[PDB]
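# Structural overview
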Amino acid sequence: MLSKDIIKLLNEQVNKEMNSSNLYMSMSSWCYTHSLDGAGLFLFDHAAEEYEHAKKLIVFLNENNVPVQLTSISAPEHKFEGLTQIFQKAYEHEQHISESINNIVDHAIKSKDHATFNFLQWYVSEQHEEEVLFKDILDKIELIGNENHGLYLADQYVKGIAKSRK
Amino acid sequence: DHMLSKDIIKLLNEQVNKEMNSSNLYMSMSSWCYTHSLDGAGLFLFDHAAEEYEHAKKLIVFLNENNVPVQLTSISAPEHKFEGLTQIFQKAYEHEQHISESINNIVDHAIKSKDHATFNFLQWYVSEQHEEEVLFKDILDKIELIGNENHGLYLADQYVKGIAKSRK
Amino acid sequence: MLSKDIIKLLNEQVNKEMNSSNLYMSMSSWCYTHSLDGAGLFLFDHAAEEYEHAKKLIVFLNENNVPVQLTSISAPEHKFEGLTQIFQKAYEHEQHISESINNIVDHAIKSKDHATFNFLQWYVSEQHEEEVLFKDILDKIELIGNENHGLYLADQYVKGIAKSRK
Amino acid sequence: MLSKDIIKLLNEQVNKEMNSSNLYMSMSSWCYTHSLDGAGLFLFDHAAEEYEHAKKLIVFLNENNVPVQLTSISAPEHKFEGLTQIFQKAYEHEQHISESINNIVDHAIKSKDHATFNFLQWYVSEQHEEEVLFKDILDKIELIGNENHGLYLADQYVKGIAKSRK
Amino acid sequence: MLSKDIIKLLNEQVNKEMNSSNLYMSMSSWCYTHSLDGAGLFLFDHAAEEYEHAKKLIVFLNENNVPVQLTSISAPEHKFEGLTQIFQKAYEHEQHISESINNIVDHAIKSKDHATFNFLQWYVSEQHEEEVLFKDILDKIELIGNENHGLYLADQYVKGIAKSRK
Amino acid sequence: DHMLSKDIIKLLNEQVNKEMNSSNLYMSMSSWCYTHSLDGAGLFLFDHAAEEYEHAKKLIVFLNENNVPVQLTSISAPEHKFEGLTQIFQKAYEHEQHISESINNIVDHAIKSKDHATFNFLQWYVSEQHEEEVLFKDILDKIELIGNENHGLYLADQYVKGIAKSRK
């Protein structure tokens, strides 16, 4: 049904998405172990949400009678320097994801897979929104500043958002 | 680490990895079923895969609240080629046996180091695993009863479908 | 408002869509008369659903102040070999329809009729979904096999789906 | 089961009915495109209702294990001179339909297909009523005239009826 | 995030949108002062709705962390010849807006801002619909004609629509 | 023959324009806040801007029901560059004072021409203006109380956010 290219990209996206989840879990554990259970929670929940994206793709593939060919998931990074650094990396990571998705959309436009294109709309929208979210959080962290109690407050701010997203 | 013994931590991290790995194995198997018109099995395995991933998560939460760093290593690619519904379930069953053993090994270690809280935590996990191991045996048994000669694959898939739904 | 090309294709589509339903009614009657009232029902309802698609198009054309030009509806085929053959033909018929629709979409993209494009999204998605459905059914029929009580069970399977689509 | 004659007439009626629907859609679009969305709607809905009559017949045929043989549906007329003319043609068309139905009834009486006769009662009555409806509307339109705002009012009158029939 | 081009067009659109609102308010006051409070109301409400579009766009820019550059709003036209003329100008004005929006859509397609494209869908559809609405109203008015009681009834027709849109 | 005096009409039309102009100023200010990570302030001002546009509308309605033509002139471009949260609110407050003054001027004129119905109509408008003028002063004072020190901005934005939500 769907073109060889598309299939490859979709499978690849599944992998990136699963990979992303692990990155967020890794980041989450770093936060927890450095007394930042606000960030820890946010990222852990965000990781869960990434795994769900993967699942939607697998379902889409499954329903189109396309075999899922899962390759290895690379090991996420474990060492990080601080709350700001994590979110910086996170933000750059989300930009990369937005770009892989658009790439898939480009391909559907070019091959005229209009149904695939259609399916991908929500996904694009969800990503852009998530990309913004990370941006905001990063800005807010920077507004607060790491001097003194700011790490505490920044974590509470993040905690604040975590709970208002379940 | 300050709370749990180095050994335990190693095994727990290891287990997370096996558990994540397992999920992918089941997704792979699931897709094989779907693409060979066995959406009953496909669903069962897909849901089972999801459930595997959740077990990993529970461990991670356990590790997190004990202030233990989670060290996620790479997840190997699962096998993609399988011979038939029976073969898949056979492999699944042998896979579950292996997992049951991994877990018991962790339990042995907690007993020996006297990590009684860890032991406690592991109870549900053991029971949950044992139950799943049985489930796969039954399905395999039922599959063999039915036979694969005529409409058997169909009926076997409906039987499996039957169970998939009654586990939401 | 809309371009001469688009209008022509849309009118053409209306006709194909009406034509399709007749094909499905014809197929439906064949099923009923050969004791396959499961298939009979599925196809009858599917035919009804095709006629509704036509109607949505007519409405679209009407609200854009475009005259609907209805041409002749050709007579559908009435002789068929068997349950499998019918579904095979059905499936190939759905493939053809998916393609006429995409063609319309291609044309809107090229003339930049963005509102028309927009309107066509649901239609694309619906068709694709239906195309999948026929593939599944066809696969399930083949999994069962026409030997023994195969035809019976296959009809019950189809009946099963018919009732879980009203 | 049923006699060859009856079957022929029933099939014939289905074709007529399907044909009629298209005529009404064509007429409907003419109304819409000349700013007469009241008439447009009435006819559109009336067309849908004709299609339904066809379906009831097909169902009747199906449950009696009679194959439906659908022939081609001719293209309806597209050009009309005005609201009055359309309804005039409509009315004459409905008279013709009443007559094809009666003819079927005559035949059932003569072959003593009493069950078929029974089935046909609602259809006769329903048709007779529709024939009256068109006369009334036509009459009302004439009462109104086209001298001032007649078309606007006649269309509103028609609109009035369209909504009090769903 | 978003490309400089897009942002410029989006800001430009805000301005045209605000400008549009004023045009409609101006037109509205003309209607009121010439005893056409039906039209007056329709246009007033339509003006309000235009200002909301601008606001919607402004929100979109804000959540993407894009500065909004608001320019001066030119004075609308204040002299008009009559109900028909107003709606003619209105219709023409609407088309112009449809075209500016499509232009933005063209640009997103070309730069591959797929999220922006996505966002713009509702806007395109809402616009197309509004463009149709003005055509219908104009058409209805022509149908009625400016002769005896025409203006009155046309205003009541318009009033009719105004109230069935809040 | 209008009901109202030429003077009044002129002022009222003028006021519409100032009011529309004001809204844009607030939107501009709002966007500045959003783009500098101050979505609390951003929201407050955005909502306040919307509220200014509504004032304009009430006037237009008033003029319409009195059969007075609305003459909309150009809306000037608002200022886009600002130096900080404090500066914005300072400018805001001054702007509010200037608006109060324009409104009072209209009231003065109604008293002098004895347009008692117009006077009547203008009561709510005056009261609403006074209240808004106070509000801006209060916010300004708190912001100064807090100080744009190390965590001042974040808190001042949260304070503002606090008020924004308790005004819907």
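Structure determination for this entry, per the PDB record, employed X-ray crystallography and reached 2.8100 Å resolution.

### A look at the relation of the copies chain C and chain A
The relation between the two copies of this chain is a rotation about an axis and a shift parallel to it. Each copy superposes on the other: chain C lies on chain A with an RMSD of 0.2 Å after a rotation of 120° and an axial shift of 0.4 Å. In the structure described here, the two chain copies are related by an operation that fits a three-fold rotation axis. In terms of proximity to the rotation axis, the leading residue of chain C is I109 of chain C, whose C-alpha is 5.6 Å off the axis. Take the interface residues of chain C: only 14% of them recur as interface residues in chain A, which is what a contact between different surfaces looks like.

### A few points about the interface of chain A and chain B
Every contact between the two is made by 29 residues of chain A and, on the other side, 30 residues of chain B. Remark: the boundary between chain A and chain B carries zero salt bridges. Our enumeration of links across chain A and chain B arrives at eight residue pairs in polar contact. Counting residues per element, the ones that place at least two in the side of chain A that touches chain B are α1 (4–33) and α2 (37–63) of chain A. Here the side of chain A that touches chain B gets nine residues from one element, more than from any other, and that element is α1 of chain A. In the side of chain A that touches chain B, the residues fall into 15 nonpolar, 13 polar and one charged.

### Digging into the UniProt feature "binding site: Fe cation" (unreviewed entry) in chain B
Residues and elements named next belong to chain B. Feature annotation in UniProt places "binding site: Fe cation" (unreviewed entry) on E19, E52, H55, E96 and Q129, given in this structure's numbering. These residues run over 111 residues, yet every pair of their C-alpha atoms falls within 13.6 Å of each other. Checked against the element boundaries, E52 lands in helix α2 (residues 39–65). What makes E52 buried here is its relative accessible area of 0%. Dropping the residues within four chain positions of it, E52 is found in contact with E19, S22, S23, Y26, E96 and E132. The exposure class assigned to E96 is buried, which follows from its relative accessible area of 0%. Not counting residues within four places of it along the chain, the set of residues in contact with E96 comprises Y26, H48, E52, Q129, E132, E133 and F136.

About the thresholds
- Residues numbered from 1 in each chain as written, not as in the entry; some residues may be left out.
- Chains lettered and ligands numbered in written order.
- Part of a larger assembly, values for the part shown.
- Heavy atoms only, no water.
- Least-squares fit on C-alpha atoms.
- Contact = heavy atoms within 4.5 Å.
- Salt bridge = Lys/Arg side-chain N within 4 Å of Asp/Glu carboxyl O.
- Polar contact = N/O pair within 3.5 Å; in protein donor to acceptor, adjacent residues only side chain to side chain.
- Helix = DSSP H or I, 4+ residues; strand = E, 2+ residues; numbered from the N terminus.
- Nonpolar A, V, L, I, M, F, W, Y, C, P; charged D, E, K, R; others polar.
- UniProt positions renumbered as here; feature names shortened; annotations may be inferred.
- Buried < 20%, exposed > 50% of the residue type's maximum accessible area, 1.4 Å probe, protein only.

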